[PDB]
Amino acid sequence: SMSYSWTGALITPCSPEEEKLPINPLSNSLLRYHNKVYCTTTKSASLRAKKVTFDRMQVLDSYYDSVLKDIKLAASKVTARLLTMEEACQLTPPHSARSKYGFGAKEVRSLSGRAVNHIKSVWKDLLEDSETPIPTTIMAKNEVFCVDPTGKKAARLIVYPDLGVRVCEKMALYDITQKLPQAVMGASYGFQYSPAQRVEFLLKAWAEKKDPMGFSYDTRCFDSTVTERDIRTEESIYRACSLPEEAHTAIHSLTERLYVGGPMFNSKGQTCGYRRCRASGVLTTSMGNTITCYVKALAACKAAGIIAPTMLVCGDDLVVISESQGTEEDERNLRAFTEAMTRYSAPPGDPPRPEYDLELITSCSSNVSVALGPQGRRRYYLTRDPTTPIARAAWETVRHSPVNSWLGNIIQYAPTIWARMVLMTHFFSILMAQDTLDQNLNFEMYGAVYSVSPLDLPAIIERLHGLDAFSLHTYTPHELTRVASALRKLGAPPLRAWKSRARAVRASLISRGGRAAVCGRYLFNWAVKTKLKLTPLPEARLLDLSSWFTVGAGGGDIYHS
């Protein structure tokens with residue numbers, strides 16, 4: 001079947017769209033080549049639609065059947081429950097897209113009678129009708145990038161049901177997202193990990209092999225490769241858990257009416273097309289992708305003769321570390337792996353390549369690198385090319401962003417030279433000038449939404465990354481070259497200039513005393529001649545972030561404070 005069919009009606013914008021970074025002194029202080037930074041818009045929506053529309057031919061085999069059997073048995077060990085109305089409403093992001101039925105996320109979170117009554121009606125309808133397709137809206141995502149000299153990306157398409165239904169999805173399936181992926185694939189489930197824990201996983205996988213070989217598998221348009229049969233198989237796995245009857249009913253109904261497919265409408269209410277693949281904007285997008293990617297990949301390893309594979313799966317993102325069988329053998333085996341995945345309906349975008357140096361292996365755009373700590377010992381940490389984070393940071397400096405990305409990048413990538421020298425310096429300067437340092441901000445991390453104050457950063461970073469995160473130095477040539485290159489490409493000041501600026505930002509923060517001074521002392525210890533001795537923060541001991549990433553369920557309409 002075709003992933004999508006289209007009526008010919010346009011994919012229309014909801015709000016005003018801008019294609020290019022504004023010319024503005026605030027953003028200009030971060031990067032000067034504003035023409036290189038663009039935002040995807042509906043203008044490219046039809047082009048994306050064409051790319052993601054194709055025929056899926058799926059042929060499963062005995063390798064696939066055997067993995068699925070194991071997975072269903074593992075799922076039977078899980079016990080899960082419905083979430084209450086209250087619980088589901090409190091997981092709704094404050095800026096979640098409003099309902100067509102006359103209420104918004106504000107009303108959901110405050111449990112207003114109108115909203116709660118509506119959701120109760122949607123739930124009742126799910127239990128009573130297991131067949132009528134649920135309408136979805138399709139929109140072009142507005143996301144910011146830098147041009148790639150290798151021109152502009154087409155907008156990603158988001159397909160999602162009404163706010164009333166999204167709350168119901170949580171009641172039916174949220175508890176499952178918290179328990180099922182771990183039960184089925186254990187340590188291979190990537191969304192349960194902080195950046196430091198992802199680093200540890202990868203280092204351990206690498207070190208376990210006598211002769212390690214790694215690859216990342218880039219599926220071409222993963223959501224589009226997900227078949228109706230894949231989605232009903234996902235249902236079978238969710239329902240292998242021990243659940244109340246009401247949960248079985250709601251999950252079957254959501255599967256048949258929403259997850260397996262349905263009609264898409266544009267923002268104008270015109271019928272736009274029909275989907276027969278993964279919806280990009282449902283609660284189960286990440287969990288579903290993770291499980292389905294895992295079954296297909298583990299099965300493909302077996303068919304391909306990939307030896308002792310250790311996999312890290314984050315939605316559609318897949319890394320496999322295994323025992324090298326020799327250079328030529330690895331290349332042949334990776335081709336066999338790709339052929340198997342293709343039969344399973346997961347053909348590659350860029351073909352995988354055997355990699356023999358862990359620093360160069362990317363998982364979710366990120367890689368492990370190494371630096372030195374305060375006492376000169378080697379310390380590993382997670383990093384990534386800073387181009388997109390910095391381009392988005394510039395945009396978000398000058399355009400209202402109710403859910404920003406920069407605060408998530410600072411938190412996730414706190415130990416990195418670029419988040420510290422560039423992002424922290426820039427934003428503490430902006431926030432002090434606006435006098436909004438103490439205000440809580442919503443931000444994305446792993447596709448889920450969180451809320452913290454910039455003044456919370458030292459405690460958060462210590463808790464997630466350790467005190468060393470304020471003291472790393474002597475980064476690798478790969479990392480230094482990459483960062484310097486990205487800054488030059490963007491027309492951003494070089495790292496040395498950020499250090500000049502940071503001395504002033506640090507001084508300003510310290511002059512304020514209190515929590516702001518703690519930020520100056522801890523976050524900018526790298527920018528002072530005589531380093532202060534940094535000691536554990538009392539604040540950090542009051543934080544339990546152990547399931548902070550798990551609760552995000554790998555992304556979606558999910559919010560945590």
# chains A, B, ... in the order shown; residues from 1 in each chain; ligands from 1
>>> residues_around(residues="residue 33 of chain A", least_positions_apart="4", cutoff="8 Å", atoms="only C-alpha atoms", output="number ranges by chain")
A: 28, 37, 490-492
>>> residues_around(residues="segment 161-173 of chain A", least_positions_apart="5", cutoff="6 Å", atoms="only C-alpha atoms", output="list in words")
residues 82, 83, 88, 99, 119, 136 and 247 of chain A
>>> residues_around(residues="segment 263-268 of chain A", least_positions_apart="3", cutoff="8 Å", atoms="only C-alpha atoms", output="VMD selection string")
chain A and resid 9 to 14 133 to 139 159 271 to 275
>>> write_last_selection(atoms="N, CA, C and O atoms", output="PDB file, in the first residue's frame")
ATOM      1  N   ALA A   9      -5.514  19.154  -2.356  1.00  0.00           N
ATOM      2  CA  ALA A   9      -5.672  20.340  -1.519  1.00  0.00           C
ATOM      3  C   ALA A   9      -4.320  20.660  -0.911  1.00  0.00           C
ATOM      4  O   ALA A   9      -3.498  19.774  -0.710  1.00  0.00           O
ATOM      5  N   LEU A  10      -4.082  21.932  -0.625  1.00  0.00           N
ATOM      6  CA  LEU A  10      -2.773  22.350  -0.149  1.00  0.00           C
ATOM      7  C   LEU A  10      -2.577  22.060   1.334  1.00  0.00           C
ATOM      8  O   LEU A  10      -3.537  21.966   2.102  1.00  0.00           O
ATOM      9  N   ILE A  11      -1.321  21.891   1.715  1.00  0.00           N
ATOM     10  CA  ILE A  11      -0.947  21.871   3.112  1.00  0.00           C
ATOM     11  C   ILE A  11      -0.787  23.334   3.506  1.00  0.00           C
ATOM     12  O   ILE A  11       0.135  24.018   3.058  1.00  0.00           O
ATOM     13  N   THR A  12      -1.715  23.828   4.312  1.00  0.00           N
ATOM     14  CA  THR A  12      -1.792  25.262   4.565  1.00  0.00           C
ATOM     15  C   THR A  12      -1.184  25.646   5.907  1.00  0.00           C
ATOM     16  O   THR A  12      -1.172  24.846   6.840  1.00  0.00           O
ATOM     17  N   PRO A  13      -0.668  26.880   6.007  1.00  0.00           N
ATOM     18  CA  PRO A  13      -0.114  27.334   7.283  1.00  0.00           C
ATOM     19  C   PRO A  13      -1.245  27.667   8.244  1.00  0.00           C
ATOM     20  O   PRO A  13      -2.362  27.920   7.798  1.00  0.00           O
ATOM     21  N   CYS A  14      -0.967  27.657   9.541  1.00  0.00           N
ATOM     22  CA  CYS A  14      -1.930  28.154  10.514  1.00  0.00           C
ATOM     23  C   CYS A  14      -1.618  29.615  10.817  1.00  0.00           C
ATOM     24  O   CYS A  14      -2.432  30.501  10.560  1.00  0.00           O
ATOM     25  N   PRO A 133     -12.552   6.097  11.491  1.00  0.00           N
ATOM     26  CA  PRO A 133     -11.255   6.779  11.547  1.00  0.00           C
ATOM     27  C   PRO A 133     -11.369   8.126  12.245  1.00  0.00           C
ATOM     28  O   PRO A 133     -12.351   8.853  12.061  1.00  0.00           O
ATOM     29  N   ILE A 134     -10.361   8.449  13.045  1.00  0.00           N
ATOM     30  CA  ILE A 134     -10.298   9.728  13.727  1.00  0.00           C
ATOM     31  C   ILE A 134      -9.577  10.749  12.835  1.00  0.00           C
ATOM     32  O   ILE A 134      -8.490  10.483  12.329  1.00  0.00           O
ATOM     33  N   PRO A 135     -10.211  11.904  12.609  1.00  0.00           N
ATOM     34  CA  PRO A 135      -9.649  12.965  11.764  1.00  0.00           C
ATOM     35  C   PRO A 135      -8.330  13.464  12.316  1.00  0.00           C
ATOM     36  O   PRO A 135      -8.175  13.570  13.532  1.00  0.00           O
ATOM     37  N   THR A 136      -7.394  13.786  11.430  1.00  0.00           N
ATOM     38  CA  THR A 136      -6.132  14.369  11.844  1.00  0.00           C
ATOM     39  C   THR A 136      -5.892  15.662  11.082  1.00  0.00           C
ATOM     40  O   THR A 136      -6.480  15.890  10.029  1.00  0.00           O
ATOM     41  N   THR A 137      -5.029  16.510  11.624  1.00  0.00           N
ATOM     42  CA  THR A 137      -4.618  17.710  10.916  1.00  0.00           C
ATOM     43  C   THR A 137      -3.203  17.473  10.428  1.00  0.00           C
ATOM     44  O   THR A 137      -2.391  16.885  11.136  1.00  0.00           O
ATOM     45  N   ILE A 138      -2.903  17.902   9.215  1.00  0.00           N
ATOM     46  CA  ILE A 138      -1.522  17.857   8.767  1.00  0.00           C
ATOM     47  C   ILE A 138      -0.988  19.274   8.630  1.00  0.00           C
ATOM     48  O   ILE A 138      -1.684  20.165   8.132  1.00  0.00           O
ATOM     49  N   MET A 139       0.238  19.481   9.113  1.00  0.00           N
ATOM     50  CA  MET A 139       0.881  20.787   9.076  1.00  0.00           C
ATOM     51  C   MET A 139       2.326  20.610   8.647  1.00  0.00           C
ATOM     52  O   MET A 139       2.918  19.555   8.877  1.00  0.00           O
ATOM     53  N   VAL A 159       1.457  15.077  11.570  1.00  0.00           N
ATOM     54  CA  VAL A 159       0.079  14.619  11.464  1.00  0.00           C
ATOM     55  C   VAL A 159      -0.404  14.254  12.855  1.00  0.00           C
ATOM     56  O   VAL A 159       0.149  13.350  13.480  1.00  0.00           O
ATOM     57  N   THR A 271     -10.094  18.370   3.100  1.00  0.00           N
ATOM     58  CA  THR A 271      -9.502  17.038   3.069  1.00  0.00           C
ATOM     59  C   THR A 271      -8.224  17.086   2.242  1.00  0.00           C
ATOM     60  O   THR A 271      -8.243  17.491   1.080  1.00  0.00           O
ATOM     61  N   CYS A 272      -7.112  16.689   2.848  1.00  0.00           N
ATOM     62  CA  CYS A 272      -5.799  16.813   2.219  1.00  0.00           C
ATOM     63  C   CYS A 272      -5.298  15.470   1.681  1.00  0.00           C
ATOM     64  O   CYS A 272      -4.652  15.401   0.638  1.00  0.00           O
ATOM     65  N   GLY A 273      -5.592  14.396   2.402  1.00  0.00           N
ATOM     66  CA  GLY A 273      -5.145  13.086   1.982  1.00  0.00           C
ATOM     67  C   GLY A 273      -5.541  12.009   2.968  1.00  0.00           C
ATOM     68  O   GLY A 273      -6.385  12.227   3.840  1.00  0.00           O
ATOM     69  N   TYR A 274      -4.937  10.836   2.812  1.00  0.00           N
ATOM     70  CA  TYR A 274      -5.207   9.719   3.705  1.00  0.00           C
ATOM     71  C   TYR A 274      -3.895   9.015   4.025  1.00  0.00           C
ATOM     72  O   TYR A 274      -3.079   8.764   3.133  1.00  0.00           O
ATOM     73  N   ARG A 275      -3.695   8.724   5.308  1.00  0.00           N
ATOM     74  CA  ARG A 275      -2.459   8.135   5.797  1.00  0.00           C
ATOM     75  C   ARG A 275      -2.638   6.650   6.056  1.00  0.00           C
ATOM     76  O   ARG A 275      -3.642   6.233   6.637  1.00  0.00           O
TER      77      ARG A 275
END
>>> residues_around(residues="residue 533 of chain A", least_positions_apart="5", cutoff="12 Å", atoms="only C-alpha atoms", output="PyMOL selection string")
chain A and resi 374-375+467-468+470-471+521-522+525-526+528
>>> write_last_selection(atoms="N, CA and C atoms", output="compact mmCIF listing (two decimals), in the first residue's frame")
# COMPACT_ATOMS: atom_id res chain seq x y z
N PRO A 374 39.32 18.44 35.96
CA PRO A 374 40.05 19.43 36.78
C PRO A 374 41.40 18.89 37.27
N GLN A 375 41.50 17.58 37.46
CA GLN A 375 42.77 17.00 37.90
C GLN A 375 43.49 16.23 36.80
N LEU A 467 30.06 17.50 38.81
CA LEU A 467 30.86 18.72 38.95
C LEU A 467 31.89 18.91 37.84
N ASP A 468 32.37 17.81 37.26
CA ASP A 468 33.37 17.90 36.19
C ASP A 468 32.86 18.73 35.01
N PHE A 470 31.75 21.47 34.88
CA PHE A 470 32.09 22.90 34.99
C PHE A 470 33.58 23.09 34.82
N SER A 471 34.29 22.01 34.52
CA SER A 471 35.76 22.06 34.56
C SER A 471 36.48 21.33 33.43
N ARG A 521 29.72 31.98 39.04
CA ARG A 521 30.86 31.23 39.57
C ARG A 521 31.05 29.84 38.98
N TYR A 522 29.96 29.11 38.82
CA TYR A 522 30.01 27.72 38.36
C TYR A 522 30.02 27.60 36.84
N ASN A 525 33.40 29.37 35.30
CA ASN A 525 34.72 29.20 35.92
C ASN A 525 35.81 29.06 34.85
N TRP A 526 35.40 28.66 33.65
CA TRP A 526 36.34 28.53 32.53
C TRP A 526 36.83 29.88 32.03
N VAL A 528 37.85 32.68 33.85
CA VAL A 528 38.49 33.51 34.87
C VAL A 528 39.93 33.01 35.03
>>> residues_around(residues="segment 279-285 of chain A", least_positions_apart="4", cutoff="7 Å", atoms="only C-alpha atoms", output="PyMOL selection string")
chain A and resi 158-160+169+223+259+289+556-557
>>> write_last_selection(atoms="N, CA and C atoms", output="short mmCIF file (atom, residue, chain, number, x, y, z; two decimals), in the first residue's frame")
data_model
loop_
_atom_site.label_atom_id
_atom_site.label_comp_id
_atom_site.auth_asym_id
_atom_site.auth_seq_id
_atom_site.Cartn_x
_atom_site.Cartn_y
_atom_site.Cartn_z
N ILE A 158 3.81 17.14 10.11
CA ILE A 158 3.32 16.61 11.37
C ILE A 158 1.84 16.29 11.18
N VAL A 159 1.46 15.08 11.57
CA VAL A 159 0.08 14.62 11.46
C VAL A 159 -0.40 14.25 12.85
N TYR A 160 -1.43 14.95 13.34
CA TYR A 160 -1.88 14.77 14.72
C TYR A 160 -3.39 14.92 14.89
N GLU A 169 -5.10 9.50 24.66
CA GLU A 169 -3.99 8.61 24.36
C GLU A 169 -3.15 8.39 25.61
N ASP A 223 8.85 6.91 9.43
CA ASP A 223 7.39 6.91 9.65
C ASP A 223 6.65 6.34 8.44
N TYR A 259 -4.05 4.98 14.92
CA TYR A 259 -2.66 4.60 14.67
C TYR A 259 -2.43 3.96 13.30
N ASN A 289 7.98 3.54 17.09
CA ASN A 289 9.16 3.49 16.23
C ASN A 289 10.29 2.71 16.88
N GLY A 556 6.93 13.77 22.34
CA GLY A 556 5.50 13.84 22.15
C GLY A 556 4.90 15.00 22.92
N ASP A 557 3.58 14.97 23.02
CA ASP A 557 2.80 15.99 23.69
C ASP A 557 2.88 15.74 25.20
#
>>> atom_distance(atom1="atom CA of residue 400 of chain A", atom2="atom CA of residue 154 of chain A")
22.6 Å
>>> select_by_dssp(residues="segment 256-456 of chain A", states="strand (DSSP E or B)", output="PyMOL selection string")
chain A and resi 262-265+271-275+307-314+317-323+348+355+363+366-372+378-384+403-404+441-445+448-452
>>> closest_residue(among="A:243, A:287, A:313, A:126", to="residue 188 of chain A", atoms="only C-alpha atoms")
A:313
>>> residues_around(residues="residue 355 of chain A", least_positions_apart="6", cutoff="12 Å", atoms="only C-alpha atoms", output="ChimeraX atom specification")
/A:206,211-217,319-324,326-327,330-331,334,361-362
>>> closest_residue(among="A:254, A:422, A:516, A:410", to="residue 438 of chain A", atoms="only C-alpha atoms")
A:516
>>> residues_around(residues="residue 44 of chain A", least_positions_apart="2", cutoff="9 Å", atoms="only C-alpha atoms", output="VMD selection string")
chain A and resid 40 to 42 46 to 49 140 153 to 156
>>> closest_residue(among="A:256, A:246, A:339, A:316", to="residue 303 of chain A", atoms="only C-alpha atoms")
A:339
>>> closest_residue(among="A:238, A:54, A:38, A:548", to="residue 250 of chain A", atoms="only C-alpha atoms")
A:238
>>> atom_distance(atom1="atom CA of residue 55 of chain A", atom2="atom CA of residue 236 of chain A")
24.1 Å
>>> closest_atom_pairs(of="segment 383-460 of chain A", to="segment 473-488 of chain A", cutoff="9 Å", atoms="only C-alpha atoms", output="Markdown table")
| residue | atom | partner | partner_atom | distance |
| --- | --- | --- | --- | --- |
| A:383 | CA | A:479 | CA | 8.5 |
| A:384 | CA | A:479 | CA | 8.7 |
| A:385 | CA | A:482 | CA | 6.7 |
| A:386 | CA | A:483 | CA | 6.6 |
| A:387 | CA | A:486 | CA | 5.5 |
| A:390 | CA | A:487 | CA | 8.7 |
| A:416 | CA | A:475 | CA | 8.7 |
| A:417 | CA | A:475 | CA | 7.7 |
| A:418 | CA | A:483 | CA | 6.7 |
>>> write_last_selection(atoms="N, CA, C and O atoms", output="short mmCIF file (atom, residue, chain, number, x, y, z; two decimals), in the first residue's frame")
data_model
loop_
_atom_site.label_atom_id
_atom_site.label_comp_id
_atom_site.auth_asym_id
_atom_site.auth_seq_id
_atom_site.Cartn_x
_atom_site.Cartn_y
_atom_site.Cartn_z
N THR A 383 28.44 14.96 22.75
CA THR A 383 28.47 16.22 22.04
C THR A 383 27.81 16.03 20.68
O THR A 383 27.27 14.95 20.38
N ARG A 384 27.82 17.08 19.87
CA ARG A 384 27.26 17.04 18.53
C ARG A 384 27.77 18.26 17.78
O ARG A 384 28.34 19.16 18.39
N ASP A 385 27.59 18.27 16.46
CA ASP A 385 27.91 19.46 15.68
C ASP A 385 26.99 20.58 16.17
O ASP A 385 25.80 20.37 16.31
N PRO A 386 27.55 21.77 16.47
CA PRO A 386 26.74 22.82 17.10
C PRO A 386 26.01 23.73 16.12
O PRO A 386 25.38 24.70 16.56
N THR A 387 26.10 23.44 14.83
CA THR A 387 25.51 24.30 13.79
C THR A 387 24.01 24.52 14.01
O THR A 387 23.54 25.65 14.14
N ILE A 390 23.07 26.33 17.31
CA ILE A 390 23.39 27.76 17.28
C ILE A 390 22.45 28.54 16.35
O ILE A 390 22.01 29.65 16.68
N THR A 416 30.05 20.44 26.97
CA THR A 416 30.71 20.69 25.68
C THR A 416 31.30 22.08 25.61
O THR A 416 30.83 23.01 26.27
N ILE A 417 32.31 22.24 24.77
CA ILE A 417 32.99 23.53 24.70
C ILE A 417 32.05 24.57 24.10
O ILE A 417 32.08 25.73 24.51
N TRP A 418 31.20 24.14 23.17
CA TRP A 418 30.31 25.05 22.45
C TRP A 418 29.10 25.49 23.28
O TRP A 418 28.72 26.66 23.27
#
>>> closest_residue(among="A:67, A:293, A:523, A:445", to="residue 425 of chain A", atoms="only C-alpha atoms")
A:523
